[PDB]
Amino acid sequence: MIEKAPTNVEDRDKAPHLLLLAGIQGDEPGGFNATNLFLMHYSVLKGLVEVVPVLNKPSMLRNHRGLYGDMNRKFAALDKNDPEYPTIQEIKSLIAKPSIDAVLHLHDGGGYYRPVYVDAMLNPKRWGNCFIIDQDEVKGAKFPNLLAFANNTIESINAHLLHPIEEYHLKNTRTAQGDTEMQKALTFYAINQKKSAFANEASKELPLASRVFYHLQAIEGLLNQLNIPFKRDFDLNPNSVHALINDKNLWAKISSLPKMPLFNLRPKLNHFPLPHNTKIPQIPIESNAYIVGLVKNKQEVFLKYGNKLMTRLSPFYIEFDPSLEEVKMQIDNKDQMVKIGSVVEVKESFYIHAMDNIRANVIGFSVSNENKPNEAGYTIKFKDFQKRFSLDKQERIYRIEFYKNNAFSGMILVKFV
């Protein structure tokens, strides 16, 4: 769970609290791209929005609806030895917190819901582009009138339709009255804890940016009904959502390696250092986004951003010796200390000063066929690189890797600028 909170802690109790959740199915990227953009680009000014951006992260990383089955059918009876039992208990504990008032659960679904059968694409069994409640009232909730909240949220969404077919409709599943499937799902659990709970389903027939657009409209609609004041730092239209999903300023940092751009990496990165004796899901990974991770695929390690494959690492596993903190380098004539794990911009040249116990391999530069070269003490320019070794499709970013005997001492990136 990630909090979207006011800057002043005193403002937290001055408006309601929403729990916002997505990615219970790992192949529903509208939901988890919307929670990601909410976390990256919105501000909550009073009250609180608690976000679980992706509920089923292992499944997200495999672009899969659910590696362990349907996680959204595990909120009623569940065996203690279900692989997702611990995750389910964390989510139930979040939902049932006294400080939570409302829950909003995001999904992507095929076709377009209609309250009467129109055809195979548009009918009551479809889930696309609807706003869903389990029943019209939850007595004892802070906001008992789920129907009124839903209808007003639907008004807000329908004021911004991209095409008339995308019109939102209310879907009340009347779950207590015999819907056996919905009785095992998240929002019914939430109403049984006297929370006002809602689900938003964006149509899978839409492109991703348009799915995310509708999810964000639903979030904003509901926040308005709850009177949780918020801002965002962009204009809510599909172009503008697309730009933020595909933002060139997005980065990932694996272990103690430097930050790397998410987008426009080469599709494969070779001889990529990773810490040995560490399971892939335990390798630290940091990002300015909230849906990034690593997953093993045969002997490669995939860098994922939601369902997007950003690169395939061909790793070699090695001890990460953390002793080396900085390196003396000359950058464009200017001698300086550069921290291990840095990215340095280079206009013209660089030069690595020799070190007693450290060997430097500039990846893409060579002066011989030596397998473990030391390339400190060379003045290096763009023209000296074999471009195929660049990190990036643009051929501007190169790795410098440092070694102390058979251990890895760190990496610095140079970016030619």
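Superpose the two forms; the largest set of C-alphas matching within 1.5 Å is the rigid core. Position 1 is the first residue in the sequence shown; the rest follow in order.
A.B. asks: I'd like to know which segment deviates more from the shown structure in 4 other deposited structures of this protein: 179 to 187 or 239 to 247, using C-alpha RMS over all structures and residues after a core fit.
C.D. replies: Higher average C-alpha offset in 4 other deposited structures of this protein goes to 179 to 187.
A.B. asks: Between 290 to 298 and 77 to 85, which one shows the bigger average Cα displacement from this form in 4 other deposited structures of this protein once the rigid core is aligned?
C.D. replies: Result of the core-fitted comparison in 4 other deposited structures of this protein: 77 to 85 deviates more.
A.B. asks: Taking the mean of the C-alpha B-factors per stretch from the entry, tell me the winner out of 29 to 37 and 42 to 50.
C.D. replies: Going by the record's values, the stretch with the higher mean is 42 to 50.
A.B. asks: Going by the average Cα B-factor in the PDB entry, point out whether 318 to 326 or 237 to 245 comes out higher.
C.D. replies: That would be 318 to 326.
A.B. asks: At the C-alpha atoms, which of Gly110, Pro229, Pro258, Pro83 reaches the highest B-factor in this entry?
C.D. replies: Within the set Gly110, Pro229, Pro258, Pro83, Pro83 shows the top C-alpha B-factor.
A.B. asks: Report the option among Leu67, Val362, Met355, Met60 whose CA atom has the maximum B-factor in the deposited record.
C.D. replies: Within the set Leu67, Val362, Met355, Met60, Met355 shows the top C-alpha B-factor.
A.B. asks: Compare the C-alpha B factor of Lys298 with those of the other modelled residues in its chain, then answer lowest, middle or highest third.
C.D. replies: Highest third of the chain for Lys298's C-alpha B-factor.
A.B. asks: Could you place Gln386 in the lowest, middle or highest third of its chain by Cα temperature factor, using the values in the record?
C.D. replies: Within its chain, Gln386 is a highest-third residue by C-alpha B-factor, going by the deposited values.
A.B. asks: Compare the C-alpha B factor of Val367 with those of the other modelled residues in its chain, then answer lowest, middle or highest third.
C.D. replies: Ranked within chain, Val367 CA B lands in the highest tercile.
A.B. asks: Considering every modelled residue of the chain and its Cα B-factor in the PDB entry, is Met182 in the lowest, middle or highest third?
C.D. replies: As the PDB entry reports it, the C-alpha B-factor of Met182 lands in the highest third of its chain.
A.B. asks: Would you mind checking where the Cα B-factor of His17 ranks among the modelled residues of its chain, as the lowest, middle or highest third?
C.D. replies: Tercile = lowest for this residue's CA B-factor.
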